[PDB]
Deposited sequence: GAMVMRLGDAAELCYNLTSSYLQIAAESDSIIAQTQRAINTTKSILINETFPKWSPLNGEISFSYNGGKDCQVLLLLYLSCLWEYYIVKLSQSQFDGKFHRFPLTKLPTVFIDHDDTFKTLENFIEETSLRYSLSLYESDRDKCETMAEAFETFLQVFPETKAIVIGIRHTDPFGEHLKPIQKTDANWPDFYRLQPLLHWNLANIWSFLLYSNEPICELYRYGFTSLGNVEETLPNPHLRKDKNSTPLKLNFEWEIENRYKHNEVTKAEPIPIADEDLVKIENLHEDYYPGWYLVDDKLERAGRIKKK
């Protein structure tokens, strides 16, 4: 059971769930309404500003993919806009310290969505720019790369939806259609989509840095003596997009090695979607000097 979809079927599903999200009846001051607005801006950027300039079909555009929450939301919206526009080269820079659950997830979703995955060499000591230069050598026709970074992410401040790479990178246009999204919008859309998400989030992770530094978020630690946290995504979860027989998905449990690490904490956490404050998204970290 590999939950595999042909690319066209994956695109059509994504178009349907995104359209379905947009049809949710919500109050103007709600998280869902804000998310619908964010989706519209993202669609406009892709359909109106991106696709007419760079062809998503011939290899001009590659999709920067690392299996995280930003990546998956952008992938679902990108697939939606491909279907909308018409009716998948992907690049992951691998590291020696990536969570096994994330590695697994990247592989599983590459299968699920019929992606064409390129991975850099996790055993080569190199910068991201250097890894992308090698990637350019392999795919010299690449003009643009889709990146799901948000303004609230580190180094997210001075970015624009369409922006050339820095001087030390290979020469491409960065396509950054998710900049205006906030953490709450990411969770709301993801939970509603009923698509598989990296299961580390379910255990209290709000970011996925690396195996040595990242911990479940201390703000999400369960304690009899803390005010219990409220869930802002009850509707989305309870009314999540119902899939047909072709498109059915199931979560994939976390890697054995990661469950052992979580169990070793002897502490339980609310899932990551109990966090909606962007300022605390990377709070789950080992104390370093």
Tell me which segments of the deposited chain sequence are not represented by C-alpha atoms in this structure.
88-106
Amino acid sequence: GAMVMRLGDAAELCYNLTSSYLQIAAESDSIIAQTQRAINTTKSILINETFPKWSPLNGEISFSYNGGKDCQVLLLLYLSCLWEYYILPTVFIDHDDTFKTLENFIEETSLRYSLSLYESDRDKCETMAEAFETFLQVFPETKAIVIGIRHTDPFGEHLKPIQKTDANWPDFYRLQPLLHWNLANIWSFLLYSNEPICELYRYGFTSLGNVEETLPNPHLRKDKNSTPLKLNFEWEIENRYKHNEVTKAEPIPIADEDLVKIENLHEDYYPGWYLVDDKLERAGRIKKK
From here on, numbers count along this sequence of modelled residues.
236-244 set against 221-229, stretch whose average Cα temperature factor tops the other in the entry:
221-229
271-279 versus 17-25: which one carries the higher mean Cα B factor per the record?
17-25
Looking at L259, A38, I252, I31, which has the biggest Cα B factor in the entry?
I252
Compare the CA B factors listed in the entry for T165, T206, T134, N104 and report the winner.
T134
Within this chain's modelled residues, let me know which third the CA B factor of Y113 belongs to: lowest, middle or highest.
middle
By the entry's values, the third containing the CA B factor of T42 is the lowest
What third of its chain, lowest, middle or highest, does the C-alpha temperature factor of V138 fall into?
highest
Ranking every modelled residue in this chain by its Cα temperature factor as given in the entry, which third contains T127?
highest
Among the modelled residues of its chain, does the C-alpha B-factor of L88 lie in the lowest, middle or highest third?
highest
